[PDB]
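S.K.: got a structure for you, letters missing:
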Ligand SMILES: *C(=O)CC[C@H](NC(=O)CC[C@H](NC(=O)CCCCCCCCCCCCCCC)C(=O)O)C(=O)O
C-alpha cells in the first residue's frame, strides 16, 4: 500500500516509536 508514501513517510516514526519506548527501558536497567 502507498508504495509511494509507505517508505519515505515511514522514516520519522519507528525511529521514535520503535526506539523511544524501546531505548526507554534499555536505559532503565
Ligand atoms: C503509524 O502508525 C504510521 C504513520 C506513518 N506516517 C505518519 O507518521 C504521518 C501520517 C499519519 N501518521 C500519524 O499521524 C500517526 C499515526 C499513528 C498510528 C499508530 C497506530 C499503530 C500502528 C503501528 C504500526 C507499526 C508502526 C511502527 C510503530 C512501532 C498516518 O497514520 O497516516 C505512516 O507511514 O503511515
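M.R.: Now that the structure is in, tell me what you want to look at. Numbers count the residues shown, from 1 in each chain.

S.K.: residues in contact with residue 9?
M.R.: Counting by Cβ atoms under 8 Å, 6 or more residues apart in numbering, residue 9 touches residue 2. For the C-beta atoms, the positions are set from N, CA and C on the backbone; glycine is no exception.

S.K.: what about stretch 18-26, near the ligand?
M.R.: Yes: counting by Cβ under 6 Å from any ligand atom, the ligand is contacted by stretch 18-26 at residue 18.

S.K.: chain center to that stretch: distance?
M.R.: Relative to its chain's centre, stretch 18-26 lies at 10 Å (Cα atoms, centre = their mean, to the nearest Å).

S.K.: if we look at it, which residues are touching it?
M.R.: Contacts for stretch 18-26 (Cβ under 8 Å, 6+ apart): none.

S.K.: how close does the residue nearest to the spatial centre of the chain get to residue 20?
M.R.: With distances taken as Cα atoms, centre = their mean, the chain has residue 14 as the residue nearest its mean C-alpha position (0.7 Å). For residue 14, the distance to residue 20 equals 10 Å [Cβ to Cβ, to the nearest Å].
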